[PDB]
């Protein structure tokens, strides 16, 4: 199970009749689908990329200056000109100096002076942007069934199937070995908002840096540096890295502003990174609302016999999973294949199996099987595998796990979860109303307040709260409700 | 489809029973007629011209002066005369100078002096006006059927038929290939108000200028320049370009006022241009209320079979149309001809085709076909062409497209739309009342306020608004209603 | 006498003791200096010029356009560039067009487009400015003594001496034949305000125009046309004559604004003209406060005898002078030289000479003499030249001539007379106080209200007058005094 | 584009100029131009005089200005 | 002599014109032209606002007009 | 990480410096940057002036500060 590897994990239930499940496959997560009568599956979003996308504005972070040429004129002798006041990639600035008799002028006052330098760009100092064409973006969803084996991250699981999802895909039927088939319908349009996402790329050959980034569109198109496009020979706004000193009446000094990489890297405080692999431009933060059909699945090995109750041992002892579940691995020595008699009673000599399994129908195969995951109720529990009993104290609480999911559910409701009420399935007056009550409010405070930052949101909300303290009309004293929103909603 | 080329486009519906459609074919627009059971047509106004129309007042923008002759007399010695004080095209001015003994006069005081010059005109500096005879004007309406092919602007479509409309045309039956026939009844009388339209023409051989213009009659007949008619040898009011200095008692200097082209071109701020092609004097702004009969049309290829669902590919991918519709082009490889199984479901696993087509019955022919235009509802949509599915997110809104047409409908109601309530068909208490409630109001504030400009309309309305603030009678306090008109109606 | 030729003429008296006279030699005037015991002189300003002055900003009134090059790009395909977006004398404008499939683009929306033309200038359409260096300007004052001869304007007088006045001249002693010497000290610094005067020059070879003009500095440096300097190959702000139409998605049309000579000539309504003669750039409006010393003068022919009283005749009869004086010319036939016995009695047979002469000591010479100018009191007068009596009726009045000079004195107080209280000599509490009471007021309402024109001065003064009608404080009701200034002072 | 008029400056003058009277009177032919083209509006401003304001001193202050405001 | 402007007529238009914005905004650069050249007079009209009239509705009626009256 | 600016010190100077005007006016282009990007909020702060406080001397004390507080 891949869901046992990483921290973030969500369990999705399903009764007899629940066959269509709408997930929100967020990147860097893993969803375990559990359904009564069906083998449990682990579905996650793997990668989001596009091979060789179109590239927008480049930038120059370190100006390469050469050929300083300065001309000047006496104060009534035809203001100064140069041949390089028109050529491409040349920064020029006109100024009035103070011509004396030291520099041989008939009169005094304000003589014209102008300097021009060739503003090239240093090699491998370009902030190349990239954008995603929605017609060529490739989502990638991988599905792994709970086979009862265990495969570590260094290794690759056998039955882990992979389904790509371009714009030109409706539904993919995946042959899951002997467990049946699964259908995945991915809304590739309603995934990452590709209109407002620019993949920033510096020199990717530098060792101790991320290969790329993921910046907002409005931020990237409003930088104050020199810029051009692909194939353009000469720059635009090239004076933004070149400053000119006040002249001493014959020469006007030209000052570069050096490298600007450090200023840019400080400006990306709290920006999600992005990976570049060869030509593919991956992402490391995103989501997609794929829908899973479960009607073509079946459990594997219901026709098998029960195992001998004596012949179980341990390759690995039972231990906590970090998700209020229990994981383990047994080893069988008798005749294979057979079903593993797994049960767990709490405390009553009750003969009441309270082991809500995660891997359903655990079966030792002829070459694998043994990994068993279960969820136990809080308190003292005794886990049985045939005639192999282990004490266990489930460290949670009764309301502790309910309070756990709401702590998840609130942090599910990040900007991913602003889009994602659809983690359930057809709530009607529960979830479909949730989309209505949030889009008209969340979308309203994204148009305004969109690109203002944490500190003004923690300030302007308090300012509108303070106007609630000193307000004339009690009808207009309901501006205190914004303190209930602006101090709370967009502060997480 | 020509309607896919340009920005301005209007869709006209038609139910079972709707067979006569009254359009308003405005120039530089395109109207797509859609009717249930009928093949959809694109009807636009193409050109408005008249070969060699009658020409009114010419002008002279650069006076050619020659033969300066000055005569003067001593102050009591019989006031000065000349032979050129009567001849045609000669500007003269009498004045009293100050004769001394330096210029050999017996007495002092005020001696008479007069100068005369021959005021010709420079070649190719004439502001020749032209007017439209309603009996010889030629409207031109072109109709293109939605054939399922695509033809770019460089190319010429096959089935695009062209019908001229003089005053001596009632109805034209157009053979639209195999789609049937269409009847066009153009009210050539009620098109552009030809009484108040003058085609201004300067030197049309000048490279970097428009060949002609389109000015109001009252503006053109009230210029303050020299003028004549065709065949006239000599000018009228020729002193309007010639000014005379105060004399120095023997000679009175004659000063030309140079070229006047620059003053005239600045005076045309916000005037629609007009093109001259050989002898034809086109327009680039106008309209005509042609009526379209649809009873002699039929769809093409209802007897054809359905295509193979596998054998579709793409010459060109689906994309947005800029008119809240979706356009695309498929490529078929099996047996031809056949009907293309086009459908699109939104999101319910519904098997409900919500693709309101614009090109009806899309059919691949033996040598063409594939261009398919449809309008989808807002939200996530999956477009099917047989077994060829594409995700689509329609970027509009539910009320967004209704608010789109009203933004169109208001800007439809320009001076074109002041005439045009007739874009529907027989509204009765909807549209025929609209003609009544607007002609008596719009015509009233065209008689007054007609030829005053934006700034006085934004001033005199506020002045009559300000009188509403300080008014004696509450019955006469309803002059505030003019602020509801003059600040709003004639300010767009 | 040159002062008898033209209309404008001022007489300056001088008593026994008056030897230094401070004049204001305004251009296009003539001053007759009269002094008791001294021969009367005619001093005028003749010409103000500078040979080949420095030339400031040129202009272009008619743009010469060529080489239209247009490039365009599909809406997400790297916004359009050209090689001519940098070269000198090239106007370019970027715009967003509407790219379709008619012009072969993958997507729709707003495709970039840009056009560039070579903005040269038409030959002989340049508004060349010129300014006056105070170190090289040449004033020219000519002094003619009343010799008793007469010389017309076609002819040149013998004793008319000419003295130039650069910055490098202090005083010039002029040998006036036998009348003695005269000293002229010209304040060349305090003449025309050369800092705020620009000589505008169009094509001077054009027949029916003035050769040059004289405009204010602040007006000339704030035109909105293309401009350069001498020797500059390419223009600045060359887009001010070129306008670009909205593109039709492949080509963007480039429209010239034609000649602009007519707009410029209408903008010079009320500007004093200036003449160009070869290389010299004259003026036709100006003044200079030269001071005339009279100490080295003496009357000519006091040692001569009186003429025979019988032998006078007339070359030209007595007649009016147009300056309330009487001019005539006698012819003598006896022995020459001798003094002419001129007298005139009014009416009493009184033998009382009331002929206040202008030409003192009228003497017939061996080759000339006879022109006699006098001023007579109003009424019937009998003019005697020896034994040669003529009736005369002086057409003026008693208070008529006093009211004449005050009508002169007010129109003396134009902007010339705003500077000129110094037409007298050392007034102290009369004239030196006049400089004090006017410079602090006239200079105050030149800093403000300087460059506003007749109509706002006739409006803003009435506005400040109207605030006097509705004012709170009686102390602040003295803003009505501005109606006594603004409606009167700067309205002449 | 726009060249402003030089009735602003008006330095001096005893020689020759262009148009002594037409510096002022072109602004007095625009106003006469507004009347003969808009006779229906020239009579419409009579409704200001004897009906609305009835403030003789400031009646003229509306009449003269609103005619001069129309360029 | 004078050619009047044709912002008066304004028939129709869906083709091409000269200057859509500069028919209105040349009259909005004259007024901005009056301010930056006469800063001493721009502050002089502030004396109308808070001192003389004190009639907020009709304060603006003097300010806007007298700026537009100066051509 | 962060290097503070040296507009704090400002010792002396009659020679040459980097940015005489841009030490002050970058703080005058951030504030102008806040306005043109947030026109809906620039008009939202007008509700402070004539509706809430009505305390003319201290109206400006809220307007100037809250614009300068947004970095």
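In order of appearance the chains are A, B, C, D, E and F, and numbering begins at 1 in each one.
Quick note on the criterion: contacts are C-beta pairs under 8 Å (C-beta built on N, C-alpha and C of every residue); 3 or more make two chains touch, one makes a residue touch a chain.
Trainee: For the interfaces A-B and C-D, which has the higher count of C-beta pairs in contact?
Mentor: More contacting C-beta pairs are found at C-D.
Trainee: Would you indicate which option in B-D, C-D or B-E repeats the interface seen between C-E, with over half of the contact pairs matching by residue number?
Mentor: So the equivalent interface, with over half the same contact pairs, is B-D.
Trainee: I'd like to verify one number: the distance from the centre of subunit E to the centre of subunit F, where each centre is the average of its C-alpha atoms, in whole angstrom.
Mentor: 31
Trainee: Averaged over CA atoms, how far is the centre of subunit A from the centre of subunit F? Could you give it in whole Å?
Mentor: Taking the average C-alpha coordinate of subunit A and of subunit F, the gap between them is 35 Å.
Trainee: I'd like to verify one number: the distance from the centre of subunit A to the centre of subunit D, where each centre is the average of its C-alpha atoms, in whole angstrom.
Mentor: 69
Trainee: Distance from the CA centroid of subunit B to that of subunit E, rounded to the nearest Å?
Mentor: Those two chain centres are 29 Å apart.
Trainee: Residues of subunit E touching 2+ other chains?
Mentor: Touching at least two other chains: 1-2, 4-5, 16, 18-19, 22, 26-27, 69, 71.
Trainee: Do you know which subunit C residues sit against two or more other chains?
Mentor: Each of 210, 222, 255, 257, 260, 263, 265-266, 451-452, 455 in subunit C touches at least two other chains.
Trainee: Please give the residue numbers of subunit D that touch subunit E in the complex, ascending.
Mentor: Of all residues in subunit D, those touching subunit E are 1-2, 4-5, 22, 26, 29-30, 33, 65, 68-69, 71.
Trainee: Applying the document's contact rule, which stretches of subunit C touch subunit E when the two form their complex?
Mentor: 222, 243, 245-246, 253, 255, 266, 447-449, 451-452, 455-456, 459-460, 463, 467, 470-471
Trainee: In their shared complex, at which residues does subunit B touch subunit C?
Mentor: Against subunit C, the touching part of subunit B is residues 4-7, 61, 65, 98, 100-104, 106-109, 117, 150, 152-154, 206-210, 254-263, 265-266, 316, 319-322, 327.
Trainee: In their shared complex, at which residues does subunit B touch subunit E?
Mentor: So the residues of subunit B in touch with subunit E come to 8, 26-29, 192, 196-197, 210, 214-216, 218-219, 222-225, 240, 257, 260, 263-273, 283-287, 414-416, 451-455, 466, 469.
Trainee: Using the touch definition from the top, list the residues of subunit B that touch subunit A in their complex.
Mentor: 317, 347, 380, 382, 389-393
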